[PDB]
Amino acid sequence: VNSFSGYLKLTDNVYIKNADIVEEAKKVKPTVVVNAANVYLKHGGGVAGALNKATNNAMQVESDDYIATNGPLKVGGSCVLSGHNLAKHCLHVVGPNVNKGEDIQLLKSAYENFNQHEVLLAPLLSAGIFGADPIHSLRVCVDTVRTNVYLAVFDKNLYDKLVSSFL
Ligand SMILES: CC(C)[C@H](Nc1ncnc2[nH]c(-c3ccc(S(=O)(=O)NCCO)cc3)cc12)c1ccc2c(c1)S(=O)(=O)CCC2
């Protein structure tokens with residue numbers, strides 16, 4: 001259960017590893033995997049596309065049914081759906097996409113959703129092509145998340161810059 005390996009503990013509740021979140025989910029089958037979602041839960045590329053491809057599109061079929069019945073999420077919001085073969089549950093969280101003018105204050109609301117789950121495997125919210133400064137996203141995670149979060153960052157260069165900034 002939640003057999004995370006090779007993480008570096010940064011704080012009492014934040015751990016980090018240079019790894020593909022999809023490979024970590026396949027190995028660990030955690031209780032919760034976090035998806036870096038958008039408000040219509042369309043998993044077209046990046047982390048969301050990779051997690052969806054690893055479920056062979058089951059995540060996308062389920063997300064479409066959630067959207068049809070409940071409507072879109074808001075930026076900073078989340079929903080809990082099945083984790084299929086990757087985890088017991090998938091927590092779809094929408095961080096702001098600064099490359100599109102969404103406010104950075106919503107990154108704190110996005111990480112606050114992690115607090116409803118004791119243990120989570122997660123990506124660094126709003127980083128990559130969402131345009132937020134990735135070291136700033138790690139500072140918001142550290143100051144906002146109180147439950148146990150295991151961050152998988154699939155880039156050794158960025159992992160080293162995050163760990164150098166933190167230590
Ligand atoms: C900052 C960056 C290093 C980080 N990336 C990632 N972090 C952690 N696990 C990751 N897996 C992949 C991946 C991609 C594609 C594929 S593939 O389907 O092309 N190849 C399949 C081979 O089995 C296979 C894994 C990316 C990745 C990240 C963190 C946050 C965000 C992004 C990206 S974003 O997707 O640009 C926008 C949403 C916010």
# chains A, B, ... in the order shown; residues from 1 in each chain; ligands from 1
call {"tool": "residues_around", "arguments": {"residues": "stretch 144-147 of chain A", "least_positions_apart": "2", "cutoff": "6 Å", "atoms": "only C-alpha atoms", "output": "tab-separated table (two decimals) with N, CA and C atoms, in the first residue's frame"}}
result
chain	number	residue	atom	x	y	z
A	115	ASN	N	-5.76	18.41	0.52
A	115	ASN	CA	-5.96	18.18	1.94
A	115	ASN	C	-7.15	17.25	2.31
A	118	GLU	N	-5.43	11.62	2.61
A	118	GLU	CA	-4.28	11.45	3.50
A	118	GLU	C	-2.97	11.31	2.80
A	140	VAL	N	4.24	26.98	-2.86
A	140	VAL	CA	2.82	26.97	-2.53
A	140	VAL	C	2.40	25.58	-2.04
A	141	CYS	N	2.90	24.51	-2.65
A	141	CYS	CA	2.61	23.15	-2.17
A	141	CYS	C	3.05	22.97	-0.71
A	142	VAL	N	4.30	23.33	-0.43
A	142	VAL	CA	4.83	23.23	0.93
A	142	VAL	C	4.03	24.02	1.95
call {"tool": "residues_near_ligand", "arguments": {"ligand": "ligand 1", "cutoff": "8 Å", "atoms": "only C-alpha atoms and all ligand atoms", "output": "compact mmCIF listing (two decimals) with N, CA, C and O atoms, in the first residue's frame"}}
result
# COMPACT_ATOMS: atom_id res chain seq x y z
N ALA A 19 10.78 11.45 -11.61
CA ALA A 19 10.09 10.29 -12.18
C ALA A 19 8.88 10.70 -12.99
O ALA A 19 8.34 11.80 -12.80
N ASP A 20 8.45 9.81 -13.90
CA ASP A 20 7.22 9.98 -14.66
C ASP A 20 6.08 9.57 -13.71
O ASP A 20 6.06 8.45 -13.22
N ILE A 21 5.11 10.46 -13.49
CA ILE A 21 3.97 10.14 -12.59
C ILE A 21 3.22 8.87 -13.06
O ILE A 21 2.69 8.13 -12.23
N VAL A 22 3.24 8.59 -14.38
CA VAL A 22 2.51 7.41 -14.88
C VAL A 22 3.23 6.14 -14.45
O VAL A 22 2.62 5.17 -13.99
N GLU A 23 4.58 6.15 -14.56
CA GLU A 23 5.37 5.00 -14.12
C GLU A 23 5.26 4.81 -12.63
O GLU A 23 5.13 3.68 -12.15
N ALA A 36 -3.26 16.75 -13.38
CA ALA A 36 -3.17 18.20 -13.64
C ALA A 36 -4.21 18.44 -14.77
O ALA A 36 -3.87 18.51 -15.97
N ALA A 37 -5.46 18.60 -14.35
CA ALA A 37 -6.64 18.70 -15.24
C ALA A 37 -6.93 20.14 -15.73
O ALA A 37 -6.34 21.15 -15.27
N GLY A 45 -3.08 16.20 -23.63
CA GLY A 45 -1.63 16.18 -23.72
C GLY A 45 -1.01 16.42 -22.38
O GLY A 45 -1.73 16.50 -21.38
N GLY A 46 0.31 16.45 -22.33
CA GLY A 46 1.00 16.66 -21.05
C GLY A 46 0.69 15.57 -20.06
O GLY A 46 0.47 14.41 -20.44
N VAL A 47 0.68 15.93 -18.78
CA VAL A 47 0.42 14.94 -17.73
C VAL A 47 -0.97 14.28 -17.88
O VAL A 47 -1.09 13.05 -17.74
N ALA A 48 -1.98 15.08 -18.15
CA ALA A 48 -3.36 14.52 -18.27
C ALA A 48 -3.45 13.51 -19.42
O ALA A 48 -4.02 12.42 -19.29
N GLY A 49 -2.86 13.87 -20.56
CA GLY A 49 -2.87 12.97 -21.72
C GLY A 49 -2.12 11.69 -21.41
O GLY A 49 -2.55 10.60 -21.80
N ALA A 50 -1.00 11.80 -20.67
CA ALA A 50 -0.22 10.59 -20.34
C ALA A 50 -0.98 9.68 -19.40
O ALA A 50 -1.00 8.44 -19.59
N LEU A 51 -1.64 10.26 -18.37
CA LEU A 51 -2.41 9.42 -17.44
C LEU A 51 -3.58 8.77 -18.19
O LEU A 51 -3.81 7.56 -18.06
N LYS A 53 -3.86 8.06 -21.45
CA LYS A 53 -3.35 7.02 -22.37
C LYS A 53 -3.03 5.74 -21.61
O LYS A 53 -3.31 4.63 -22.11
N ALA A 54 -2.52 5.86 -20.38
CA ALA A 54 -2.19 4.68 -19.57
C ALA A 54 -3.40 3.93 -19.05
O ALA A 54 -3.26 2.79 -18.64
N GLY A 95 -5.26 23.64 -11.73
CA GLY A 95 -4.41 24.78 -11.39
C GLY A 95 -4.58 25.87 -12.43
O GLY A 95 -4.97 25.58 -13.57
N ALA A 122 1.36 13.04 -6.88
CA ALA A 122 0.94 14.24 -7.59
C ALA A 122 2.00 14.83 -8.48
O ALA A 122 3.19 14.70 -8.19
N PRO A 123 1.57 15.57 -9.51
CA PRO A 123 2.52 16.39 -10.28
C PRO A 123 2.66 17.81 -9.69
O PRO A 123 1.88 18.21 -8.78
N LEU A 124 3.63 18.57 -10.19
CA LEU A 124 3.83 19.95 -9.69
C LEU A 124 2.83 20.89 -10.41
O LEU A 124 2.98 21.19 -11.61
N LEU A 125 1.75 21.30 -9.72
CA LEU A 125 0.66 22.00 -10.37
C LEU A 125 1.07 23.28 -11.04
O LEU A 125 1.90 24.04 -10.53
N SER A 126 0.44 23.51 -12.21
CA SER A 126 0.61 24.72 -13.03
C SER A 126 2.01 24.87 -13.62
O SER A 126 2.28 25.90 -14.26
N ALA A 127 2.86 23.87 -13.52
CA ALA A 127 4.21 23.93 -14.09
C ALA A 127 4.14 23.50 -15.59
O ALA A 127 3.03 23.47 -16.15
N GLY A 128 5.28 23.30 -16.28
CA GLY A 128 5.26 22.95 -17.69
C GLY A 128 4.59 24.01 -18.52
O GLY A 128 4.73 25.21 -18.23
N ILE A 129 3.74 23.58 -19.45
CA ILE A 129 3.11 24.52 -20.35
C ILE A 129 1.94 25.30 -19.70
O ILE A 129 1.40 26.17 -20.37
N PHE A 130 1.62 25.10 -18.38
CA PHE A 130 0.69 26.03 -17.72
C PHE A 130 1.39 27.36 -17.34
O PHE A 130 0.73 28.32 -16.94
N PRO A 134 8.01 26.97 -11.62
CA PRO A 134 7.90 25.68 -10.91
C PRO A 134 8.41 25.71 -9.49
O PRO A 134 7.85 25.01 -8.61
N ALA A 152 6.01 13.72 -8.15
CA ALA A 152 6.82 13.12 -9.21
C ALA A 152 7.03 14.19 -10.27
O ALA A 152 6.06 14.75 -10.78
N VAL A 153 8.31 14.52 -10.54
CA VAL A 153 8.67 15.58 -11.49
C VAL A 153 9.52 14.92 -12.57
O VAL A 153 10.64 14.46 -12.28
N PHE A 154 9.03 14.84 -13.79
CA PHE A 154 9.69 14.06 -14.85
C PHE A 154 10.71 14.87 -15.63
O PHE A 154 10.57 15.07 -16.84
N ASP A 155 11.74 15.32 -14.91
CA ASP A 155 12.82 16.13 -15.53
C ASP A 155 13.89 16.28 -14.49
O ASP A 155 13.65 16.97 -13.48
N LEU A 158 14.99 19.96 -13.69
CA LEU A 158 14.06 20.70 -12.84
C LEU A 158 14.06 20.14 -11.46
O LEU A 158 14.11 20.92 -10.49
call {"tool": "atom_distance", "arguments": {"atom1": "atom CA of residue A:58", "atom2": "atom CA of residue A:17"}}
result
26.8 Å
call {"tool": "residues_around", "arguments": {"residues": "residue A:79", "least_positions_apart": "5", "cutoff": "7 Å", "atoms": "only C-alpha atoms", "output": "list in words"}}
result
residues 91, 92 and 93 of chain A
call {"tool": "write_last_selection", "arguments": {"atoms": "C-alpha atoms", "output": "mmCIF file, in the first residue's frame"}}
result
data_model
loop_
_atom_site.group_PDB
_atom_site.id
_atom_site.type_symbol
_atom_site.label_atom_id
_atom_site.label_comp_id
_atom_site.auth_asym_id
_atom_site.auth_seq_id
_atom_site.Cartn_x
_atom_site.Cartn_y
_atom_site.Cartn_z
ATOM 1 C CA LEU A 91 -8.263 13.549 -7.938
ATOM 2 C CA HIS A 92 -8.593 15.869 -10.987
ATOM 3 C CA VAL A 93 -7.291 19.293 -9.889
#
call {"tool": "residues_around", "arguments": {"residues": "residue A:165", "least_positions_apart": "5", "cutoff": "12 Å", "atoms": "only C-alpha atoms", "output": "NGL selection string"}}
result
:A and (10 or 134-136 or 138-139 or 158-160)
call {"tool": "write_last_selection", "arguments": {"atoms": "N, CA and C atoms", "output": "mmCIF file, in the first residue's frame"}}
result
data_model
loop_
_atom_site.group_PDB
_atom_site.id
_atom_site.type_symbol
_atom_site.label_atom_id
_atom_site.label_comp_id
_atom_site.auth_asym_id
_atom_site.auth_seq_id
_atom_site.Cartn_x
_atom_site.Cartn_y
_atom_site.Cartn_z
ATOM 1 N N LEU A 10 11.324 16.452 1.776
ATOM 2 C CA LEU A 10 11.693 17.877 1.863
ATOM 3 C C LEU A 10 11.203 18.466 3.183
ATOM 4 N N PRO A 134 8.013 26.966 -11.617
ATOM 5 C CA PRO A 134 7.896 25.678 -10.912
ATOM 6 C C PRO A 134 8.410 25.706 -9.492
ATOM 7 N N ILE A 135 9.424 26.564 -9.229
ATOM 8 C CA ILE A 135 9.902 26.644 -7.823
ATOM 9 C C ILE A 135 8.862 27.353 -6.969
ATOM 10 N N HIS A 136 8.179 28.398 -7.537
ATOM 11 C CA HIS A 136 7.062 29.018 -6.807
ATOM 12 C C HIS A 136 5.954 27.981 -6.561
ATOM 13 N N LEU A 138 6.282 24.758 -6.058
ATOM 14 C CA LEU A 138 6.711 23.913 -4.918
ATOM 15 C C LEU A 138 6.540 24.704 -3.591
ATOM 16 N N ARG A 139 6.832 26.033 -3.540
ATOM 17 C CA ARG A 139 6.662 26.796 -2.288
ATOM 18 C C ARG A 139 5.173 26.808 -1.885
ATOM 19 N N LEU A 158 14.992 19.957 -13.687
ATOM 20 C CA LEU A 158 14.056 20.704 -12.841
ATOM 21 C C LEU A 158 14.058 20.139 -11.463
ATOM 22 N N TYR A 159 14.089 18.784 -11.312
ATOM 23 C CA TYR A 159 14.219 18.190 -9.974
ATOM 24 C C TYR A 159 15.430 18.761 -9.201
ATOM 25 N N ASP A 160 16.592 18.812 -9.871
ATOM 26 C CA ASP A 160 17.780 19.347 -9.205
ATOM 27 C C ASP A 160 17.631 20.810 -8.851
#
call {"tool": "atom_distance", "arguments": {"atom1": "atom CA of residue A:120", "atom2": "atom CA of residue A:15"}}
result
10.4 Å
call {"tool": "residues_around", "arguments": {"residues": "residue A:5", "least_positions_apart": "5", "cutoff": "10 Å", "atoms": "only C-alpha atoms", "output": "PyMOL selection string"}}
result
chain A and resi 17+24+27-28
call {"tool": "select_by_dssp", "arguments": {"residues": "chain A", "states": "alpha helix (DSSP H)", "output": "count of residues only"}}
result
59
call {"tool": "residues_around", "arguments": {"residues": "residue A:67", "least_positions_apart": "6", "cutoff": "12 Å", "atoms": "only C-alpha atoms", "output": "mmCIF file with N, CA and C atoms, in the first residue's frame"}}
result
data_model
loop_
_atom_site.group_PDB
_atom_site.id
_atom_site.type_symbol
_atom_site.label_atom_id
_atom_site.label_comp_id
_atom_site.auth_asym_id
_atom_site.auth_seq_id
_atom_site.Cartn_x
_atom_site.Cartn_y
_atom_site.Cartn_z
ATOM 1 N N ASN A 38 -7.860 20.253 -16.706
ATOM 2 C CA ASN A 38 -8.420 21.513 -17.089
ATOM 3 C C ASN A 38 -9.937 21.445 -16.722
ATOM 4 N N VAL A 39 -10.625 22.581 -16.791
ATOM 5 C CA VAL A 39 -12.014 22.662 -16.326
ATOM 6 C C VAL A 39 -13.000 21.747 -17.082
ATOM 7 N N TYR A 40 -12.731 21.382 -18.352
ATOM 8 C CA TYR A 40 -13.660 20.447 -19.010
ATOM 9 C C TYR A 40 -13.164 19.027 -18.993
ATOM 10 N N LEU A 41 -12.104 18.727 -18.205
ATOM 11 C CA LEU A 41 -11.593 17.372 -18.109
ATOM 12 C C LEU A 41 -11.335 16.723 -19.463
ATOM 13 N N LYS A 42 -10.710 17.497 -20.353
ATOM 14 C CA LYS A 42 -10.309 16.966 -21.651
ATOM 15 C C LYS A 42 -8.804 16.710 -21.561
ATOM 16 N N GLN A 60 -10.873 9.195 -19.838
ATOM 17 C CA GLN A 60 -11.585 10.179 -20.656
ATOM 18 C C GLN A 60 -13.096 9.864 -20.773
ATOM 19 N N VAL A 61 -13.476 8.574 -20.893
ATOM 20 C CA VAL A 61 -14.908 8.220 -20.986
ATOM 21 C C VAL A 61 -15.612 8.594 -19.687
ATOM 22 N N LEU A 73 -15.501 22.102 -13.978
ATOM 23 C CA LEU A 73 -14.966 22.531 -12.696
ATOM 24 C C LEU A 73 -14.637 24.021 -12.831
ATOM 25 N N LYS A 74 -14.225 24.637 -11.713
ATOM 26 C CA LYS A 74 -13.731 26.000 -11.777
ATOM 27 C C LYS A 74 -12.215 25.922 -11.574
ATOM 28 N N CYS A 79 -12.395 17.324 -8.648
ATOM 29 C CA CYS A 79 -13.347 16.274 -8.448
ATOM 30 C C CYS A 79 -12.641 14.948 -8.265
ATOM 31 N N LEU A 81 -12.655 10.997 -9.139
ATOM 32 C CA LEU A 81 -13.203 9.978 -10.027
ATOM 33 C C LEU A 81 -12.361 8.691 -9.841
#
call {"tool": "atom_distance", "arguments": {"atom1": "atom CA of residue A:11", "atom2": "atom CA of residue A:116"}}
result
18.9 Å
call {"tool": "closest_residue", "arguments": {"among": "A:157, A:18, A:31, A:78", "to": "residue A:3", "atoms": "only C-alpha atoms"}}
result
A:31
call {"tool": "select_by_dssp", "arguments": {"residues": "stretch 53-117 of chain A", "states": "strand (DSSP E or B)", "output": "PyMOL selection string"}}
result
chain A and resi 78-82+89-93
